[PDB]
Each structure stands twice: as structure tokens, then as C-alpha cells.
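Below sits a lone chain in C-alpha cells, taken as the form deposited in one PDB entry.
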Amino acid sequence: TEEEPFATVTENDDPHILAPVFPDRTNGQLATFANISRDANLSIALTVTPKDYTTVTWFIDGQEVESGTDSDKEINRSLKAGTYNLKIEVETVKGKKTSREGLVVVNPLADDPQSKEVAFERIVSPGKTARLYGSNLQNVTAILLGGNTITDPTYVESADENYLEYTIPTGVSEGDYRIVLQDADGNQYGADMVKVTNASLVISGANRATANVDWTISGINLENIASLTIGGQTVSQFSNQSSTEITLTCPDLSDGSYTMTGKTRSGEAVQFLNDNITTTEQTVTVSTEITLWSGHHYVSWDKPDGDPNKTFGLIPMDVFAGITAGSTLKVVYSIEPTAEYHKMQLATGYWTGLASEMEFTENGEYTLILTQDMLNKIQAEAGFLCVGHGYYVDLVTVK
């Protein structure tokens, strides 16, 4: 009370949470207070000083919530699957307060329809289609998103992981929403957060770029992009341009770090996501790709010693002697269709592996960072070889 003539010593005490002891932040990132199943309830029981002169309030994702017990300092709450922000705010009668903030992880059951974020598919755009990846999602007849009931979910069979395709309503404004999966029976299951944005948001592929060659960037509303500026060099002509992807020619820049910005058609600034931080400026590392060798050279360790196609030599030691530690070697390889199997390995002249033997079925690019130890061993062991069977070396580059 305030009208009180005076406050007892115990009333004016600082608030302390004695038990339980909560973990400290990981490294700015919040710690986990609870890790329970969707069928179990969030159960935390506080002991607090002063005994009879403290009130505690609970917040799930910033929203105040009743403690499901007669006591106000024990919470009992049934939560849907997901990860939740929990705040524990303790206040005394004379207004002094202490605080705890942590995560509550609620795991689904095996048979539950469930979904987590794999890559960046939880960033969605109003009017457009989006994907959920998870388990048992063929059960879902509706998704609930910020008051809207999305009733057109389609479970797509894929060569990779299957997904639940759904359309975001146009009416939904920007922000973060906690989605819920609904059965035909009516049962509801948690599927964590979705982020709705109208912004042209570049998400991945924009950290690194090779000068004077194709550069593919992945985002959400990238068709609205009118131009990108790297260094001081503006690019307004693109090879591909869709919602999810844009490809351009990285301009002729010296090796180093550069600022990238962009402009939409409306004139607003292109946004960039890096570690769940959104900026209007992106740091791009540019490097030039040097060609060391070009052609079409078959490799088979079946062929006899002395045969030019038993290995890939053809890049002399003095070239590798010049390469600086940290550089990325790339070997572009293609299969021989008539070959029974396809295995390759990068090695020294002594056939010491610089990395694992790899088995493959399709054409590709093998990249490997050459450390100072690797470079030293190459000089010590008679140079560089590509070894294996049933493939061709078509290009070798370094940057």
C-alpha cells in the first residue's frame, strides 16, 4: 500500500529469486529455461524474497499470461509445439523489481504434424506461395496465420524433401506470426514462426562474388529490384529475375571488401539479411578466378604406369609454389557415361590425399582450400595429382 504511514523493513527489501537458479545468456543469445513435450505442461515454481510482499507476472512472447495455479509464483501452462520467449517479472509492493528472460522449447510428438525452418522458407510474401518442411504434413487441411484460415494446403511430392505448399493471403500486413497446423478432425499443432515482408530481401549468396562472371543471389521479393550497386558500380541488367532469385554479372573490381546496396522500382532501398540482422548495406568479398588448366583429360588408375590418362598431372609444381595459403582450388570434372563407376581424389605426386576420396554419379565442381601445410606437402611430394576412375578433368582454377 502507498497510504501506509511507513513501510516495514521487509517491504522495502530488494526482490531476489532464490530458486530455481536460471542459466545465464549463451553469448547474447538467450538460454533455455524449459525443454518439454507438447503433451506435458510448462512447470516452473519460484521461491522469492520478500515472502509476502512480491507479485510475479509471466509473459509468453511478450504477451502477459495467467499462471495456471492458485499461487501467482508457480506457472502451469499447456503450450503447442514451438520455441517461446518467457519473461519472469517480479515486483515488490514498493515497486523494486528483478527479471529473468529465457527460451521455452516445446517438442512435438512423433506422429504430430510438425514443421521447423530448414533454410529460409519461413520468410514469406503476401499473395505468393510458401513452403513448410517437416513431418506428417499430409494430415494438414488448414494453416492458421494471424487470424486468417488458409484452407488450400497442397502436399507436394519431390525428388528432394516433400513440403506443404500454401498461399499467403494478400490482406496480411508485415510482421512475424506464430502459425498453427489444423487436422480434418479439428486438432491443432504448433509450427513456430513465419515472417511476412513486402521488402525485396536478399537472404543468401551475397557474401562472396567472383569479378566479371555470373553471380546468383537468393531472396523473397527480388523481381521488384531495379538495380544493385557494388563498389561504386551500378548494375541494372540481369540474366534471371524472379521472386526468389536474381543473377547478374559481378562488375570488374579488384580483390577486397565492398559495400553493396540496391533500389526497388518504387525507389525504396533493397534489404539484406545476414545473421537475422536486416541492413540496407551488404559486405561483399570479391576475388578473381585464375585458370590454371583447361581441356578434357580422362583419369583411370586401371591404365598402366606411364599412361598419360592414369592420373591428371599437367599443372607443374612451380605453379603451386606461387599459390598463397588460404586460396581456393576448384576442379571442374565430368563423368564418362560408359564407365562402371566414378571416384576422384585430389592428392600429391606421392598419392597422399589432400582430402577424401569422393564417389559421384553426375558432373560437378570440387573446391578445396589449400592450407600452407597442403602447399608445403605438394612441393615435398612431387606436385599435384587428380586421381581416380571414370571421369574427366575439364578445368582447374584458383582464387
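The term rigid core refers to the most C-alpha atoms you can superpose between the two forms while keeping them within 1.5 Å. From 1 onward, residues are counted along the sequence shown.
A summary of the deposited B-factors shows that, of 310 to 318 and 94 to 102, the stretch with the larger mean C-alpha value is 94 to 102. Looking at mean Cα B-factors across 24 to 32 and 362 to 370, the upper value is held by 24 to 32. Across 268, 281, 289, 121, the entry's maximum B-factor at the CA atom is seen for 268. Of the residues listed, 155, 238, 258, 301, the entry assigns the biggest Cα temperature factor to 238.
Among the modelled residues of its chain, residue 134 has a C-alpha B-factor that falls in the lowest third, as given in the PDB entry. When the modelled residues of the chain are ordered by C-alpha B-factor, residue 295 sits in the lowest third. Ranked by Cα temperature factor within the chain, residue 70 sits in the highest third according to the deposited record. Compared with the other modelled residues of the chain, the Cα B-factor recorded for residue 264 ranks in the highest third. Looking at the C-alpha B-factors along this chain, the one for residue 148 belongs to the highest third.
The same protein also has a form deposited in another entry, omitted here; what follows describes it.
Rigid-core fit between the shown form and the other one: of 263, 310, 131, 94, the one residue whose Cα shifts 2 angstroms or more is 94. Once the rigid core is overlaid between the shown form and the other one, residue 69 counts among the residues whose Cα shifts by 2 Å or more.
Relative to the superposed rigid core, the position of the CA of residue 380 differs between the shown form and the other one by less than 2 Å. Comparing the forms between the shown form and the other one on their rigid core, the Cα displacement of residue 367 stays under 2 Å.
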